[PDB]
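Protein chains in written order, with the entry's author numbering: chain B, 1 to 430; chain K, 4 to 373; chain A, 1 to 440.
Everything on this sheet refers to the single structure shown next.
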Ligand SMILES: CC(=O)O[C@H]1C(=O)[C@@]2(C)[C@H]([C@H](OC(=O)c3ccccc3)[C@]3(O)C[C@H](OC(=O)[C@H](O)[C@@H](NC(=O)c4ccccc4)c4ccccc4)C(C)=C1C3(C)C)[C@]1(OC(C)=O)CO[C@@H]1C[C@@H]2O
Ligand SMILES: Nc1nc2c(ncn2[C@@H]2O[C@H](COP(=O)(O)OP(=O)(O)OP(=O)(O)O)[C@@H](O)[C@H]2O)c(=O)[nH]1
Ligand SMILES: Nc1ncnc2c1ncn2[C@@H]1O[C@H](COP(=O)(O)OP(=O)(O)NP(=O)(O)O)[C@@H](O)[C@H]1O
Ligand SMILES: Nc1nc2c(ncn2[C@@H]2O[C@H](COP(=O)(O)OP(=O)(O)O)[C@@H](O)[C@H]2O)c(=O)[nH]1
Ligand SMILES: [Mg+2]
Ligand SMILES: [Mg+2]
């Protein structure tokens, strides 16, 4: 039995966590009160992965909610599924970081990290055989970036063998809701590259593009973006909860997707997306899923794959389908787009198949890409960082909390080295 | 630069003597031949090093390489060649129980000393020979170890925490709050080495009863000044001499480690692989631009993949001379491991870096202002 | 008496075992709950054929099987399925996590602590057994758990038993398609295991079976169930001689000695002739000559490997059903007359022949027509070497840059093990090259 401990920090992390717990709860038939009102036996076969049994025959999610501001905790509690979470896992203080990475990491978060780790240590000790952790947090903010990076560092010190996932929201190219996004982004990326096994990159620009272009929504809100993200997270860990022709735990992906330790930044995607009225026209088949998976505009990371090369990709299908069709479709995708895949990794497409699709759909698929285009994102951030570090635009807010310019220099150097490492393989003819 | 892969064969060991004790390594001058114990009919693997040595028969003198021969072929030659402003990197790549310490230290009491005694005593005698009113020097030393991607201090008292690795923008990677010392004489270096060697973590295994489970580093920063103020500039030279011992690859089938031991071995192997990769990459890169066309487009060397290569960024390549001592054994069990070591040697032995540094700005400022 | 023990490792092994035990239960008239009504109706004979099933006091029949896996999911699918009452509750599941397509995890770190229990169960079965013939090991190259645990298990078995035969059925990586990035590493690292310890390894490729399904059976979207059923038919044809009566019976040992000219060349290709749908079963005679000729067709081979590019070192035919030796001799003479089939000059005898009276059985819901005659052909040829060469290329393309290596090195494996495995594979290729040269 393989258990995943879920952590969520900051406003964005807590919102995505709430939506994610609503989606998974449906798949496994869990009432808002915690009682089980499902129909299929398989819903309870592997309930232990995300949930703990309570004494009253009700299920409590294994989640840790973290913040430095009671407002988000109050919003989560006063919600459709607020009662599902146990009250002891609401760890919070007051006087939030306020978009200051130093406050989140050094000053404010250091006082609260002890309490958080305590809950984590407890939740972890109860599990029979822990697979790994996963953390949701936006890198653009203060509380999210700071406390997430600190918790990741502490946990990796405590649990070196386990797996560390991360569904993090990067700052967008054009859209910018804060003035000091580049500083927090650079420091968080410096911390993440060393102390993580996987890191799924999400961008609000890409999600808005999906909502407008594909789903044809007129007035999308953060609920729809959280819906898409939660669909991806539920898609990733499908094989640890249902049977299938080919299983694939989180590790099997980590092994198959990470050629070298520093290259673990993935681009996620989901299919199908029929836009509420065009489903009657398109016929749902495996080739259609493959086409929509490998499309450029479907990616959630706001980075064109066609500007780089695919180091390696993974496709997790859900539903009843034939293995020959899947294998031949992956082979055809390789052969047709021969120039967008590296030449020294033959057959660089991982495949997993599960036979329990989502409730409302006949078939579905999740795409995880690892390409060289992601460097563009970091490169962009680096430029902005330089544009504010040459003159020390807002440095006095950070240096007042104990940091120094040296740490900024280390972060910039590490980010540039990561970009160069990614650019190493994006070439032709060697 | 250089790596000068000292392919050395030591006497037999009780574990080897339990088996068929037959040496599988021979030579003629610079030619080194290695027989395949499983396929003796095959032509032995042949290599051309100028620095291959054989000390399995110590009392012999016919084609016998004493440690003084090794020092003459590598030690003083490398020292004087790198003396004109270089960084010298001597490190011991080998296997478990492969005699990696006798190369590094050797018989201190005897005249058959390892590389460090000969190098340090020769340097110290050199500076003493050139000690004068207008000619002076200054030597500093430091010791550190890497347990499993964590740096610890051996000279300083017990600090149970792990030192934080930092990156100065100009001076490159370094260790925060690492204890550093100044040294006047060679015997002080010997005492500090004894203390550091005692301080390191050690555990027993089948291949060797006292295998070291950490990667040790010993830095020497050595500065030279001449004070003919009328027509000379003080602090006219400095050199960095790094002496590193690397725990050998843990052949898990031949050791059967379990629990924490296995974990240590795992980390060790990972680190070693990264080091090997760097030594394979760096070589090719420095081989390409130096020989091919002078293009210098871009070449990436994966330093950050491990703490060992990260801390030795200045010393392993770029602007540093280097050195490896391939500590082999004459056993049949180690033929594949020896072949791997000398295959990485084939992916090494030039490295080809450039340097010439260490002026004195303040002393020339006297002439500039006047 | 005659009996053999089946071992299944990994998801592929477990699913092939599901198909195999479905076919055996259908063959011997055993219900999924282990009971046999035939003993109450026939009241005689030996319908509880002891080659596979052990009979208890109450009339239940427990199969002689040992399922092994590292994922609880695949075994739990069986422990709550149709055949939940058939198997002994001891299913030997590692309740930690899968090897994750990693040889080292399956062989060094996690493979331990479970090998002891598997050997204890196998020892109990062997002690319960009398006149044991050998082991039938089912696993898959490329997969981490299959590779690593098959290596460890075979290493222990060669020491514990030694002289008992060990036949291996394995799924080699495909030439073009694949379901993993690190397939070449796992496939190459099993060369030592398959060479030293295994006595005879049968190889099947997914692409070949997909092509057979598409062309012969006329199935447009086949899945793994059809592949497993075909492999189960192959194994049933191999092992039929130990159970049902026949004119010319061939046990496992006499089967073995007629297929291995030298110790290191035990890699025969397998094929099944009358693969045909119910619709096309009509308009067809399916005589002995027709199926014998269809056995040698390049399209019907179970591995993507043209036999016309190599020479046939040996061949063994196993017929089932209404077959007479006259037609078999005529077909053999016709095959020898042909030019396209090239035999080595040092094997004038060529063929081994066996005939069995029991015809093949039709699984309900299957895709194979009911036929009166069938034949399975197992041929040791040189052309298999070509397939290995292809795989070797892939390995090089991933080892020059040391891609994915750190995962293996961080689990106790040394880096030089890769080079050692590659050198062993090259030696095997050289051996297969040398043996095929004509004498002068
Ligand atoms: C008439 C009809 O076809 O209804 C469909 C539908 O129109 C579509 C458009 C649905 C619909 O989804 C959306 O409209 C939507 C809007 C914003 C963001 C995301 C989705 C649907 O709402 C979503 C719903 O699917 C589910 O509910 C899944 O099981 C999904 N679960 C949830 O959305 C969920 C929400 C709240 C609480 C609990 C579950 C899921 C997906 C992956 C993994 C786990 C669960 C389905 C099939 C439909 C409707 C109802 C219109 C789609 O849903 C998904 C999974 O993306 C949109 O893309 C698919 C394609 C479907 O055709
Ligand atoms: N022919 C056939 N091949 C299969 C079948 N199931 C799996 N395979 C092959 O087996 C390979 C991996 O099998 P396994 O070793 O069992 O995978 P696993 O159970 O997840 O365990 P790990 O490989 O260690 O991750 C895949 O690449 C498939 O090609 C099957 O039903 N039929
Ligand atoms: N040329 C030599 N002549 C005599 N004795 C030697 C010679 N070289 C090595 N030895 C001896 O052989 C042993 C080699 O040291 P050893 O115990 O293998 O340490 P080590 O193998 O270097 N530790 P490590 O390799 O890091 O696991 C010592 O007892 C030395 O005195
Ligand atoms: N997708 C999504 N993004 C959000 C949501 N709320 C905030 N964000 C993003 O997160 C960033 C602000 O980070 P914030 O949550 O305030 O970090 P914190 O203050 O440290 O908790 C903005 O750039 C938003 O685009 C949400 O509900 N959904
Ligand atoms: Mg040593
Ligand atoms: Mg497996």
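Just so it is clear, CB atoms sit at the ideal spot from N, CA and C, and this is done for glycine as well.
Residue i CB to nearest heavy atom of ligand 1 below 8 Å
i: residue 275 of chain B; result: yes
i: residue 211 of chain B; result: yes
i: residue 26 of chain B; result: yes
i: residue 270 of chain B; result: yes
i: residue 125 of chain A; result: no
Residue i CB to nearest heavy atom of ligand 5 below 8 Å
i: residue 334 of chain K; result: no
Contacts of residue i in chain B (Cβ-Cβ under 7 Å)
i: residue 368 of chain A; result: Chain B residues near residue 368 of chain A: none, gap ~18 Å exceeds 7 Å.
Any C-beta of chain B under 9 Å from that of residue i
i: residue 96 of chain A; result: yes
i: residue 401 of chain A; result: yes
i: residue 364 of chain K; result: no
i: residue 2 of chain K; result: Absent from the structure is residue 2 of chain K, since the part of chain K shown begins at 4 and ends at 373.
Contact test: residue i Cβ vs ligand 3 heavy atom, cutoff 8 Å
i: residue 255 of chain K; result: no
i: residue 248 of chain K; result: yes
Between the CA atoms of residue j and residue i - distance to the nearest angstrom
i: residue 97 of chain B; j: residue 109 of chain B; result: 8 Å
i: residue 18 of chain B; j: residue 73 of chain B; result: 11 Å
i: residue 288 of chain A; j: residue 238 of chain A; result: 18 Å
i: residue 155 of chain K; j: residue 202 of chain K; result: 10 Å
i: residue 371 of chain A; j: residue 338 of chain A; result: 27 Å
i: residue 170 of chain K; j: residue 144 of chain A; result: 40 Å
i: residue 254 of chain K; j: residue 413 of chain A; result: 8 Å
i: residue 359 of chain B; j: residue 27 of chain B; result: 7 Å
i: residue 42 of chain B; j: residue 220 of chain A; result: 30 Å
i: residue 214 of chain B; j: residue 274 of chain B; result: 7 Å
i: residue 244 of chain B; j: residue 114 of chain A; result: 24 Å
i: residue 135 of chain K; j: residue 230 of chain K; result: 10 Å
CB contact below 9 Å: residue i versus chain A
i: residue 269 of chain K; result: yes
i: residue 29 of chain B; result: no
i: residue 206 of chain K; result: no
i: residue 277 of chain K; result: yes
i: residue 348 of chain B; result: yes
i: residue 466 of chain B; result: Residue 466 of chain B lies beyond the residue range present for chain B, which begins at 1 and ends at 430; the question has no answer from this structure.
i: residue 342 of chain K; result: yes
Contacts of residue i in chain K (Cβ-Cβ under 7 Å)
i: residue 186 of chain B; result: Correct list: empty, because the minimum Cβ distance to chain K is about 14 Å.
i: residue 72 of chain B; result: Correct list: empty, because the minimum Cβ distance to chain K is about 33 Å.
i: residue 261 of chain B; result: 308
Any non-hydrogen atom of ligand 6 within 8 Å of residue i CB
i: residue 10 of chain A; result: yes
i: residue 140 of chain A; result: yes
Test: residue i CB closer than 9 Å to a CB of chain K
i: residue 199 of chain B; result: no
i: residue 193 of chain A; result: no
Amino acids of chain K, ordered along the chain, whose beta-carbon sits closer than 8 Å to that of residue i
i: residue 436 of chain B; result: Any answer about residue 436 of chain B is impossible in this case: the structure gives chain B only from 1 up to 430.
Residue i: CB within 8 Å of a non-hydrogen atom of ligand 2
i: residue 503 of chain A; result: This structure cannot speak to residue 503 of chain A, because chain A is shown only from 1 to 440.
Contacts of residue i in chain B (Cβ-Cβ under 8 Å)
i: residue 292 of chain K; result: Those within 8 Å of residue 292 of chain K in chain B number zero; the least Cβ separation is about 16 Å.
Would you list the residues whose beta-carbon is nearer than 5 Å to any heavy atom of ligand 5, in the order they occur in the chain?
K:103, K:104
Whose CB is closer than 5 Å to a heavy atom of ligand 4? List the residues in chain order.
B:10, B:11, B:12, B:15, B:138, B:140, B:141, B:142, B:143, B:144, B:177, B:204, B:222, B:225
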